[PDB]
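This report refers to the structure that appears directly beneath it.
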Amino acid sequence: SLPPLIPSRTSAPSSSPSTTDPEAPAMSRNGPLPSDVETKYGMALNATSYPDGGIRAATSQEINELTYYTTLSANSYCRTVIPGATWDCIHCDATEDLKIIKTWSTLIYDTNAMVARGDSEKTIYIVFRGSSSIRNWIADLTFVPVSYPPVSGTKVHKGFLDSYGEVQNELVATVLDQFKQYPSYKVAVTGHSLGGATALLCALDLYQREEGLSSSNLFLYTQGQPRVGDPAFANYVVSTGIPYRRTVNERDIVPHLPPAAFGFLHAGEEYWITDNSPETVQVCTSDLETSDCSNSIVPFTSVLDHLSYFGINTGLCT
Ligand SMILES: *[C@@H]1O[C@H](CO)[C@@H](O)[C@H](O)[C@H]1NC(C)=O
């Protein structure tokens, strides 16, 4: 039923430059945290202030695009959207012309996902919701590295791989049915929080199984996404060439979990929201994460900064 893995697309790159830990300079320079501040994996849950190749500023059009995908991610937390399959929610005006093809709410791992299509913008959308109990999800997070089965020599966190696997077979079949019908359309994947992890694994699976998808027509946007796998996994993600915009809001803790020092590493160019008034996004123009954007503020992180992106509530349908 799933199309088979394509060998040329499931090979780890032969030799990758080593990456030094991108959080270590900040972990040494910053601190100590105030005594009363709670931590998870050494990162603050509730710090309320900042501590004492290249970077650029995102343009208005780039910020509009990141905002649109944030909106899709946010609306997925609304039960009128998943499993209701309606555009009846407060930020649903921006997505109301999209046709909802299918939604899922899986049994064991509670993966909530949807496929939609926009004929005006010639795009097939895949959206993954994060946890329905975010604070408990963050507090309860483990780090259990396991083999990433498609790509030998790579590892990912088991919970993330499990979240995707439960919805994978049906969702791939729905996406590829849409892509057969609308062959010139873009495929765009998005999610916030845990949903961003799931979205990454979904984009990789579609690249690995459908020759007709590539860097030209398969795009990934995440918000508040945790690290998903080890440096060999991140180097594999880079190798795919998939366009990958990874947005981080200010001091959001979740992009810093699990910490880099625990042997995980992000791929995907970082778009760091540094200010809402005026809206400012600092882009660290590297495919592997750097010490120059949100990694510069650890461990002075925040759960509250995870719960809104671009002034849109992310994780709460309000
Ligand atoms: C953080 O959480 C702890 C536990 O609830 C509390 O004792 C502390 O005042 C909080 N600190 C800040 C700066 O919010």
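Both counts, for ligands and for their atoms, begin at 1 and track the order of listing. Numbers here are sequence positions counted from 1.
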Any donor-acceptor N or O pair under 3.5 Å, side chains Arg245, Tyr271 | yes
Between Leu257 and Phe300, is there a shared hydrophobic cluster once you connect ILVMFWY residues whose side-chain heavy atoms come closer than 4.5 Å?
-> no
Heavy atom of the protein closest to atom 4 (C) of ligand 1 (residue, atom name, distance) = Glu38 OE1, 4.1 Å
Answer yes if the side chains of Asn249 and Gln223 hold a donor-acceptor pair under 3.5 Å, and no otherwise.
-> no
Look at atom 3 (C) of ligand 1 and find which of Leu33, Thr39, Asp36 reaches it with the closest heavy atom.
-> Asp36
Would you indicate which of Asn46, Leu304, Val303, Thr48 comes nearest to atom 2 (O) of ligand 1 when only heavy atoms are counted?
-> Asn46
So if you build clusters from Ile, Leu, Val, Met, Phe, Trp, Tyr with side-chain heavy-atom gaps below 4.5 Å, do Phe143 and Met43 land together?
-> yes
